[PDB]
Amino acid sequence: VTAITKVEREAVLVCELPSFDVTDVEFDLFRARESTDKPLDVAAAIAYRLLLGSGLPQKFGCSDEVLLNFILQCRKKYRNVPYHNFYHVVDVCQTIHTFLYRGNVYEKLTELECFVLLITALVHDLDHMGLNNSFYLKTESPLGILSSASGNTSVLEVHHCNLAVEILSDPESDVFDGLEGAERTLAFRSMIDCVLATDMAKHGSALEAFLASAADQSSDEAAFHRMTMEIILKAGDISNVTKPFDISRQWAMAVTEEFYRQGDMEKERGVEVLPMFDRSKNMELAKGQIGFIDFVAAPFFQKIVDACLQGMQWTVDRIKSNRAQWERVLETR
Ligand SMILES: COc1ccc(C2=NN(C3CCCCCC3)C(=O)[C@@H]3CC=CC[C@H]23)cc1C#CC(N)=O
Ligand SMILES: [Mg+2]
Ligand SMILES: [Zn+2]
């Protein structure tokens with residue numbers, strides 16, 4: 001990777017965010033973006049203030065300047081896509097911080113596990129092109145061909161991991177350079193394992209393994225820590241429906257557009273498209289969000305909360321409240 005310059009660092013350091021609190025469950029990233037000329041500098045400043053405010057990089061030997069360089073090297077590898085961009089990953093990092101520290105999930109994990117989680121949120125979708133794993137496999141795109149020949153169908157998640165390793169190989173952006181021996185190894189393994197767990201083809205497997213390990217904890221403490229890390233990255237990743245309605249709605253507009261674009265691209269390529277990805281078969285946003293809530297997100301959050309993450313109850317309450325709002329949109333169309 002090329003060196004981060006003094007000017008690039010300075011353009012982040014000048015951002016003031018008076019009147020925002022980045023640790024709060026009601027924090028609004030859209031309003032932070034809209035408040036400035038330079039929304040990419042503001043988003044970088046949010047991630048910087050959040051990580052330093054935690055105390056964790058200081059604990060684990062990561063200097064202020066290595067932390068910032070890492071944040072800016074992540075930023076340069078995100079694309080100009082509608083949803084899977086630098087704003088998504090800064091949102092995921094902020095949200096995980098709320099789960100650790102307002103939902104008290106930090107009680108279930110070591111400090112080192114918490115540091116790894118927050119860093120991993122920023123690398124978890126590096127160089128995403130707005131196309132899912134099925135696109136690559138069905139169209140025989142070159143990365144699809146490499147996946148099948150190679151024997152791993154998590155085409156996207158392996159790519160994100162390759163680029164995380166690339167960034168951390170430069171001493172100027174290695175946030176894990178203060179760790180020793182076995183700890184350094186734990187960090188790399190954890191990071192990678194968590195990123196691989198974000199592929200929605202493993203959603204059901206991940207959730208079963210978590211609920212099994214939570215039913216003991218005692219019998220295998222290490223497997224419970226590992227699964228808790230995976231399940232919290234996954235929860236941050238699909239957290240848009242746990243936010244204030246107007247924030248939730250903006251996220252939904254953006255993801256929906258990436259679905260449509262994939263569908264246009266498959267059609268172009270002679271592949272027959274599922275109707276959720278088809279501009280021609282949909283009108284309003286409401287029914288899609290109600291479906292995502294009923295069939296994926298509401299059961300996921302209620303199960304993790306009931307099994308041991310009791311301090312995360314507000315997520316369920318806000319999901320139910322957003323869903324009633326979409327329901328009203330439908331029945332008074
Ligand atoms: C805020 O809304 C949303 C937020 C996220 C997703 C995601 N779905 N899936 C898949 C989609 C195919 C069906 C099988 C289950 C879920 C992904 O693999 C995406 C990539 C990684 C994680 C979740 C992502 C969908 C919606 C929606 C909607 C809507 N139709 O309104
Ligand atoms: Mg992903
Ligand atoms: Zn993601």
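Throughout, residue positions are numbered sequentially from 1 according to the sequence presented. Note: hydrogens, waters and symmetry copies are ignored here, and every other heavy atom, side chains too, is used.
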Neighbour count >12 (heavy atoms, 6.0 Å) for atom [atom1], [X]:
X	atom1	value
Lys320	NZ	no
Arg102	CZ	yes
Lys138	NZ	yes
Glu180	CD	no
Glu272	CD	no
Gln313	CD	yes
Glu16	CD	no
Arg226	CZ	no

[X] bridged to [Y] by N-O distance under 4.0 Å:
X	Y	answer
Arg269	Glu140	no
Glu230	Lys234	no
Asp246	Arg31	no

Establish, from distance only, whether the side-chain atoms of [X] and [Y] form a donor-acceptor pair under 3.5 Å.
X	Y	answer
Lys243	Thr95	yes
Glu166	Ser169	no
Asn69	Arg9	yes
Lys287	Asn282	yes
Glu258	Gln262	no
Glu157	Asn133	yes

(request) Under the side-chain contact (heavy atoms from CB on, under 4.5 Å) rule, what do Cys308 and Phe210 come out as? Steps first, then yes or no, please. (result) CA-CA 10 Å; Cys308 72; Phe210 175 72; 4.0 Å; yes
[atom1]-[atom2] distance between [X] and [Y], expressed to the nearest 0.5 angstrom:
X	Y	atom1	atom2	answer
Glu221	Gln217	CD	CD	6.5 Å
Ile119	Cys93	CD1	SG	7.5 Å
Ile293	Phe301	CD1	CZ	10.5 Å
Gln73	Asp174	CD	CG	12.0 Å
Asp21	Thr23	CG	OG1	3.5 Å

Does the ring center of [X] lie less than 6.0 Å from the ring center of [Y]?
X	Y	answer
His128	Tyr83	no
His88	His124	yes
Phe277	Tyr260	no

For a quick test of reading the model, state the closest non-hydrogen atom pair linking [X] to [Y] and the distance between them.
X	Y	result
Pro275	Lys281	O-CB, 4.1 Å
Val81	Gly130	CG1-N, 4.2 Å
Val273	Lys267	CG2-CG, 3.7 Å
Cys74	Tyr78	O-CD1, 3.1 Å
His225	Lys108	CE1-O, 3.3 Å

Should [X] and [Y] be regarded as members of a common hydrophobic cluster, given that ILVMFWY residues are connected when their side-chain heavy atoms come within less than 4.5 Å of each other, either directly or indirectly?
X	Y	value
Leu56	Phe188	yes
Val305	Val296	yes
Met227	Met200	yes
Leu137	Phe259	no
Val158	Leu146	no

(message) Would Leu112 and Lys59 count as a side-chain contact (heavy atoms from CB on, under 4.5 Å) here? Give the steps.
(response) CA-CA 9 Å; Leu112 175 55; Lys59 279 166 178 168; over 6 Å; no
(request) Look only at the side chain of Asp216 and the backbone of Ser219, and say whether a donor-acceptor pair between them is shorter than 3.5 Å. (result) no
(message) Between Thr242 and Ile319 (side chain of the first, backbone of the second, donor and acceptor by atom type, cut-off under 3.5 Å), is there such a pair?
(response) no
(request) Take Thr315 and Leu309 through the test side-chain contact (heavy atoms from CB on, under 4.5 Å) and record every step on the way to the result. (result) CA-CA 11 Å; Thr315 63; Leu309 311 179; over 6 Å; no
(request) Begin with the C-alpha distance, continue with both residues' side-chain angles, and end with the deciding distance and a verdict on side-chain contact (heavy atoms from CB on, under 4.5 Å) for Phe115 and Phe176. (result) CA-CA 10 Å; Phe115 175 47; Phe176 297 146; 4.0 Å; yes
(request) Run through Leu163, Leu156, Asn162 and flag the one making a side-chain contact (heavy atoms from CB on, under 4.5 Å) with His160. (result) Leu156
